[PDB]
Amino acid sequence: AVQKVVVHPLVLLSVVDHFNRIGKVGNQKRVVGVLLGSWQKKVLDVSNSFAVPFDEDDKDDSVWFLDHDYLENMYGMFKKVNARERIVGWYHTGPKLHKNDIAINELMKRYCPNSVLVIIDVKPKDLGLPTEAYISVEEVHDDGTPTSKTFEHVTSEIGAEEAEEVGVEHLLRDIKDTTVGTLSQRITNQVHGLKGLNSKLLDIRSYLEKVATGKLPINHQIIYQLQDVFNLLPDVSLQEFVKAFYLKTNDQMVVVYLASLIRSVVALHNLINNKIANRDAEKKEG
Amino acid sequence: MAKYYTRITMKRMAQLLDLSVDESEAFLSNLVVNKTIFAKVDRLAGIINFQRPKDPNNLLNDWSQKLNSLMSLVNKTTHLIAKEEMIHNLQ
Amino acid sequence: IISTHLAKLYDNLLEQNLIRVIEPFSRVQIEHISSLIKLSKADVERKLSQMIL
Amino acid sequence: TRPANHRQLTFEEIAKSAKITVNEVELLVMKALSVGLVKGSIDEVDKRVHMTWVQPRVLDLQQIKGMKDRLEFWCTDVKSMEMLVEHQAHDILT
Amino acid sequence: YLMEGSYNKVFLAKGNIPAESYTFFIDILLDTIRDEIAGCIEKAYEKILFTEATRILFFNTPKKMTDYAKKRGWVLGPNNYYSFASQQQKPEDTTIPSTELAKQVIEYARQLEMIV
């Protein structure tokens, strides 16, 4: 239904400052706010946000509040001050997918049809992309309940823009990994993404904690993929997968062998370009 | 038979057509000069085969396909487990 | 002039059917390709030998 | 039941495991490929079949132990081959 | 003559000892040739009957052949030396390159980008 989402770094930042402004409560508060944006060409866009007053008490945690007058007038100001801008859905600060977010989405779907949510990070530590988004799908289906509804993650990335790329690249001024040569790939995804595969091997190790001791629902629809992964584990090293591998090493290295051969001759022509400027000035200048 | 078989004998195919083995060869002749079914028949061992090129490059190419299908699947389960622990032990 | 140009056209159409019937397969007998052209075997074999040369 | 090493059974084994003759198992497996319950290929002269994909089934609390231990030594293999990269290309980027 | 394969011209020189006895030296030269043919019976041979390789060293028919036939293989059978020319287990190694070359490829990039 939706291809992907596009998040600007402003709305990425426009939650953190509110997380600072309610950080004096100390005890517990999740930041929940209205997400504004304009989805076009089946691509979800996210532009602007604010945060709505929201509290939560732990005993009987089914009692939420959205001050809709604050939602009515401030969006009416925002529809005034940017008529290109509209509602796109909502968000919450999302540490660990709290329970009220099954009907918050159903509370305010009378504005946005595909009222998408966004889970963000306030304490960043990962090896992935710390912005997560779901979508609302419902089912009268296989086994669980007559009324069943579960969120599904549509893929997420941080979109840039020519206005804000001026800003963020001025705001970094920090340790950087520019000059992409032979080394940026080695550290953006060869040092890093191999350890990125750690926390996904270890993630399914964490579901594996129920062998005879963990939580009481057992499998039914979790193991059809896990049965496939050991089935779609790749081909063993006996076939011409051995032979055609040596074939292309015997082709890819020849281009490197030519290209390195050129590198020696070019700097040797540079060597004479310094022996023309060494000997032809010691008699001239002194 | 081109789709689901790899290497069938000449006698076996003529038996599922209930006609002569030479009449079978005239059928596979005017279809691959029509090149609408590819086949590489034999008239000494009776060993024909279907969709069998030399395959220099498609081995590692289809192998690289199986990595990306695998890596797209290991990302599917990971963000599906972490919600499943949040519907039993949330608060 | 046709009585001059038919013999040169016959050679071109000889090898044009000769790649046609030889196309669909692998190793094969020489006794069938003479049987599928209605032509002899010694002259065909020399004419086959000219192709790979 | 067979591992991912071969999973290449013969027609005579089906003639044992299903007590049906040789001239009907090809008619059987063409049905199995058509329905979509199995995905593989069929040889006829070497009398073997290269099954590749099978339909996923369910399993009890014992086959997860197979997926427990076969997954567990795949952890250290991701550890071991990466440990070269943070050691050999360490000065290339700090 | 011991350097090349020639063995019979070596023992033609054991018919030609001109100067003194040379006894203890050629008898050690027997022993270092005994294991050498027992070394060179182990090449890729076919069946040899109990006459041909029985006489390639010197011997007519003592039990010394069983002292070699039970030392190495080529099993004592019905006038036969059985050939264990398998040489099948070692090939098809992608892994031994894939450990070593992944070292070498980063070693290429060390003296390629980082100034030394």
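Lettered A, B, C, D and E in written order, each chain numbered from 1.
In this section, contacts are C-beta pairs under 8 Å (C-beta built on N, C-alpha and C of every residue); 3 or more make two chains touch, one makes a residue touch a chain.
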{"item": "Partner chains that subunit B and subunit D have in common", "value": "A"}
{"item": "Contact-richer chain pair [B-C vs A-D]", "value": "A-D"}
{"item": "Chain nearest the overall Cα centroid", "value": "D"}
{"item": "Inter-chain centre distance, subunit A versus subunit D - centres from mean C-alpha coordinates, in Å", "value": "33"}
{"item": "Rounded Å distance, subunit D centre to subunit E centre (Cα mean)", "value": "44"}
{"item": "Inter-chain centre distance, subunit C versus subunit E - centres from mean C-alpha coordinates, in Å", "value": "57"}
{"item": "Euclidean distance of C-alpha centroids - subunit C vs subunit D, Å", "value": "50"}
{"item": "Subunit D: positions in contact with at least two other chains", "value": "81, 85, 89, 92"}
{"item": "Shared-contact residues (touching 2 or more other chains) in subunit A", "value": "183, 186, 197, 204, 226, 228, 233, 241, 245"}
{"item": "Pairs of chains satisfying the touch condition", "value": "A-B, A-D, A-E, B-C, B-D, D-E"}
{"item": "Sites on subunit A touched by subunit D in the complex", "value": "177, 183, 186-187, 190-191, 194-195, 197-198, 201-202, 204-205, 208, 211-212, 218-220, 223-224, 226-228, 230-231, 233, 236"}
{"item": "Residues of subunit D defined as touching subunit A within the complex", "value": "4-5, 53-54, 56-59, 61, 64-65, 67-68, 70-72, 74-75, 78-79, 81-82, 85-86, 89, 92-93"}
{"item": "Complex interface listing, subunit A residues touching subunit B", "value": "58, 61, 96-99, 132, 150-151, 153, 197, 200, 203-204, 206-207, 215, 217, 222, 225-226, 228-229, 232-235, 239-241, 244-245, 247-248"}
{"item": "Footprint of subunit A on subunit B - complex, ascending", "value": "56-57, 59-60, 63, 66-67, 69-70, 73-86, 88-91"}
{"item": "In the complex with subunit B, residue positions of subunit D that touch it", "value": "30, 33, 41-46, 50"}
